[PDB]
Amino acid sequence: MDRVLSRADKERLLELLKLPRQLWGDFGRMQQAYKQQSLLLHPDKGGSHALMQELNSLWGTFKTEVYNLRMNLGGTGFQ
């Protein structure tokens with residue numbers, strides 16, 4: 001099915017990543033924040049499951065585009 005998050009969803013991913021929306025785009029930074037946030041949200045590290053699953057999804061689909069974001073380095077592209 002069509003799995004695409006909106007501003008509200010992708011923005012929610014940032015809140016849990018402790019990574020501002022100003023630097024939104026640097027895979028290295030976001031992933032760095034996702035890991036540190038994934039280890040603290042891990043069940044064995046005191047955390048909820050409904051949260052870790054929501055982040056993995058918001059970051060997954062997100063990532064689906066991430067693999068493609070590494071190709072976009074301009075803006076124009078009407079075809």
# chains A, B, ... in the order shown; residues from 1 in each chain; ligands from 1
>>> residues_around(residues="range 34-49 of chain A", least_positions_apart="5", cutoff="9 Å", atoms="only C-alpha atoms", output="PyMOL selection string")
chain A and resi 13-14+16-19+29+54-56+59
>>> write_last_selection(atoms="N, CA and C atoms", output="tab-separated table (two decimals), in the first residue's frame")
chain	number	residue	atom	x	y	z
A	13	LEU	N	8.59	12.46	14.00
A	13	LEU	CA	9.81	11.66	14.00
A	13	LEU	C	10.98	12.50	14.52
A	14	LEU	N	10.94	13.79	14.20
A	14	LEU	CA	11.99	14.71	14.63
A	14	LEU	C	11.94	14.95	16.13
A	16	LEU	N	11.02	12.99	18.48
A	16	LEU	CA	11.57	11.83	19.18
A	16	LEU	C	13.06	11.67	18.88
A	17	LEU	N	13.53	12.30	17.81
A	17	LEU	CA	14.93	12.22	17.42
A	17	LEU	C	15.76	13.31	18.09
A	18	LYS	N	15.12	14.21	18.82
A	18	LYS	CA	15.84	15.30	19.47
A	18	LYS	C	16.67	16.07	18.44
A	19	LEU	N	16.29	15.90	17.18
A	19	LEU	CA	16.96	16.54	16.06
A	19	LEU	C	16.06	17.62	15.46
A	29	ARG	N	23.12	12.96	10.50
A	29	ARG	CA	22.64	13.52	11.76
A	29	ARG	C	21.38	12.82	12.25
A	54	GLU	N	6.46	2.97	16.32
A	54	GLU	CA	6.01	4.14	15.58
A	54	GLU	C	7.20	4.86	14.95
A	55	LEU	N	8.32	4.88	15.68
A	55	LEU	CA	9.53	5.52	15.20
A	55	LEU	C	10.15	4.72	14.06
A	56	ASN	N	10.19	3.40	14.23
A	56	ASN	CA	10.75	2.52	13.21
A	56	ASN	C	9.98	2.64	11.90
A	59	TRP	N	10.48	6.33	10.47
A	59	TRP	CA	11.84	6.45	9.97
A	59	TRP	C	12.05	5.52	8.79
>>> residues_around(residues="range 10-12 of chain A", least_positions_apart="6", cutoff="8 Å", atoms="only C-alpha atoms", output="ChimeraX atom specification")
/A:21,58,62
>>> write_last_selection(atoms="N, CA and C atoms", output="compact mmCIF listing (two decimals), in the first residue's frame")
# COMPACT_ATOMS: atom_id res chain seq x y z
N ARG A 21 14.26 20.69 13.25
CA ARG A 21 13.73 20.65 11.89
C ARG A 21 14.55 21.54 10.95
N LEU A 58 7.98 5.49 11.08
CA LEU A 58 8.12 6.87 10.63
C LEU A 58 9.50 7.11 10.02
N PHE A 62 10.10 6.96 5.70
CA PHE A 62 10.94 8.14 5.57
C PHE A 62 12.20 7.77 4.80
>>> closest_residue(among="A:51, A:27, A:3, A:15", to="residue 68 in chain A", atoms="only C-alpha atoms")
A:27
>>> select_by_dssp(residues="range 4-78 of chain A", states="alpha helix (DSSP H)", output="number ranges by chain")
A: 7-17, 27-40, 49-69
>>> write_last_selection(atoms="C-alpha atoms", output="PDB file, in the first residue's frame")
ATOM      1  CA  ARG A   7       4.497  17.013   7.789  1.00  0.00           C
ATOM      2  CA  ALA A   8       2.748  16.097  11.038  1.00  0.00           C
ATOM      3  CA  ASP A   9       4.088  12.536  10.930  1.00  0.00           C
ATOM      4  CA  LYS A  10       7.620  13.280   9.705  1.00  0.00           C
ATOM      5  CA  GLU A  11       7.732  16.161  12.186  1.00  0.00           C
ATOM      6  CA  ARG A  12       6.776  13.739  14.949  1.00  0.00           C
ATOM      7  CA  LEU A  13       9.810  11.664  14.004  1.00  0.00           C
ATOM      8  CA  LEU A  14      11.989  14.714  14.628  1.00  0.00           C
ATOM      9  CA  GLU A  15      10.554  15.339  18.100  1.00  0.00           C
ATOM     10  CA  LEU A  16      11.570  11.834  19.178  1.00  0.00           C
ATOM     11  CA  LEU A  17      14.934  12.221  17.423  1.00  0.00           C
ATOM     12  CA  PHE A  27      21.031  11.497   6.928  1.00  0.00           C
ATOM     13  CA  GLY A  28      24.143  11.288   9.083  1.00  0.00           C
ATOM     14  CA  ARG A  29      22.640  13.525  11.757  1.00  0.00           C
ATOM     15  CA  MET A  30      19.114  12.083  11.760  1.00  0.00           C
ATOM     16  CA  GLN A  31      20.398   8.499  11.842  1.00  0.00           C
ATOM     17  CA  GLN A  32      22.775   9.501  14.627  1.00  0.00           C
ATOM     18  CA  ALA A  33      19.804  10.815  16.579  1.00  0.00           C
ATOM     19  CA  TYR A  34      17.645   7.820  15.658  1.00  0.00           C
ATOM     20  CA  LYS A  35      20.153   5.347  17.098  1.00  0.00           C
ATOM     21  CA  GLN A  36      20.717   7.224  20.361  1.00  0.00           C
ATOM     22  CA  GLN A  37      16.934   7.537  20.634  1.00  0.00           C
ATOM     23  CA  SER A  38      16.361   3.919  19.620  1.00  0.00           C
ATOM     24  CA  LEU A  39      18.633   2.646  22.387  1.00  0.00           C
ATOM     25  CA  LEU A  40      16.801   4.673  25.041  1.00  0.00           C
ATOM     26  CA  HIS A  49       6.776  -0.646  22.568  1.00  0.00           C
ATOM     27  CA  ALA A  50       4.126   1.453  20.825  1.00  0.00           C
ATOM     28  CA  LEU A  51       6.784   4.172  20.612  1.00  0.00           C
ATOM     29  CA  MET A  52       9.696   2.174  19.195  1.00  0.00           C
ATOM     30  CA  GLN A  53       7.348   0.718  16.574  1.00  0.00           C
ATOM     31  CA  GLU A  54       6.013   4.139  15.577  1.00  0.00           C
ATOM     32  CA  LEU A  55       9.530   5.525  15.199  1.00  0.00           C
ATOM     33  CA  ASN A  56      10.751   2.519  13.212  1.00  0.00           C
ATOM     34  CA  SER A  57       7.838   3.083  10.830  1.00  0.00           C
ATOM     35  CA  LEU A  58       8.118   6.870  10.626  1.00  0.00           C
ATOM     36  CA  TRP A  59      11.838   6.453   9.975  1.00  0.00           C
ATOM     37  CA  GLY A  60      11.383   3.480   7.658  1.00  0.00           C
ATOM     38  CA  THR A  61       9.005   4.950   5.078  1.00  0.00           C
ATOM     39  CA  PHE A  62      10.944   8.139   5.569  1.00  0.00           C
ATOM     40  CA  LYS A  63      14.044   6.182   4.689  1.00  0.00           C
ATOM     41  CA  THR A  64      12.290   4.825   1.588  1.00  0.00           C
ATOM     42  CA  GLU A  65      12.599   8.378   0.316  1.00  0.00           C
ATOM     43  CA  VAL A  66      15.953   8.862   2.036  1.00  0.00           C
ATOM     44  CA  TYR A  67      17.576   6.406  -0.364  1.00  0.00           C
ATOM     45  CA  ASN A  68      16.195   8.664  -3.093  1.00  0.00           C
ATOM     46  CA  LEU A  69      17.030  11.955  -1.349  1.00  0.00           C
TER      47      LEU A  69
END
>>> atom_distance(atom1="CA of residue 20 in chain A", atom2="CA of residue 77 in chain A")
27.8 Å
